[PDB]
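Scroll down for the structure; my scribbles are underneath it.
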Amino acid sequence: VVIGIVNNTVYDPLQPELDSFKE
Amino acid sequence: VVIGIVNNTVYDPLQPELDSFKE
Amino acid sequence: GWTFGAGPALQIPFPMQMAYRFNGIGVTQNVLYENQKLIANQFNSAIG
Ligand SMILES: *[C@@H]1O[C@H](CO)[C@@H](O[C@@H]2O[C@H](CO)[C@@H](O)[C@H](O)[C@H]2NC(C)=O)[C@H](O)[C@H]1NC(C)=O
Ligand SMILES: *[C@@H]1O[C@H](CO)[C@@H](O[C@@H]2O[C@H](CO)[C@@H](O)[C@H](O)[C@H]2NC(C)=O)[C@H](O)[C@H]1NC(C)=O
């Protein structure tokens with residue numbers, strides 16, 4: 001619905017933090 | 001101490017994320 | 001925008017200036033970002 005919205009990726013800080021200790 | 005406070009539940013975004021991949 | 005009212009004239013697209021001027025009154029910019037067409041039509045009808 002937004003006009004002019006571009007394609008890019010965001011960075012989740014929890015994704016690389018959960019797997020370094022649990023996995 | 002707060003007057004008029006109602007009983008309800010909040011959502012923790014960490015809770016479903018931590019056990020989905022580690023467990 | 002109003003950036004020429006403090007120093008040099010720094011350009012900005014008018015939907016984004018509209019978004020921050022909506023942010024200044026209390027609402028968030030997303031309400032504008034899916035009500036842009038309605039806001040523009042309301043502005044045009046009022047100025048007519
Ligand atoms: C951003 O990336 C998405 C990919 O999800 C693009 O979505 C595609 O849109 C076209 C046109 O509607 C569809 O035919 C494709 O099937 C969509 N891709 C997928 C994977 O479903 C979107 O167009 C991209 N936007 C920009 C501005 O590049
Ligand atoms: C909100 O829920 C809590 C749940 O603990 C209620 O607290 C209980 O109230 C009863 C009735 O006075 C007591 O017998 C319990 O000992 C209380 N629990 C605790 C842990 O102290 C509270 O009354 C509820 N509030 C409303 C407005 O429903």
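Following the order of the structure tokens, first chain is A, next is B, and so on, with residues numbered from 1 inside each chain and ligands from 1 in the order they appear.
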Within 12 Å of chain A: residues of chain C, using only C-alpha atoms, as JSON, numbers by chain: {"C": [13, 15, 16, 29, 30, 31, 32, 33, 34, 35, 36, 37]}
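Residues within 9 Å of residue 17 of chain C, counting only C-alpha atoms and excluding same-chain residues fewer than 4 positions away, are residues 1, 2, 12, 13, 21 and 22 of chain C.
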Per-residue DSSP, chain A, filtered to alpha helix (DSSP H), as a ChimeraX atom specification: /A:15-21
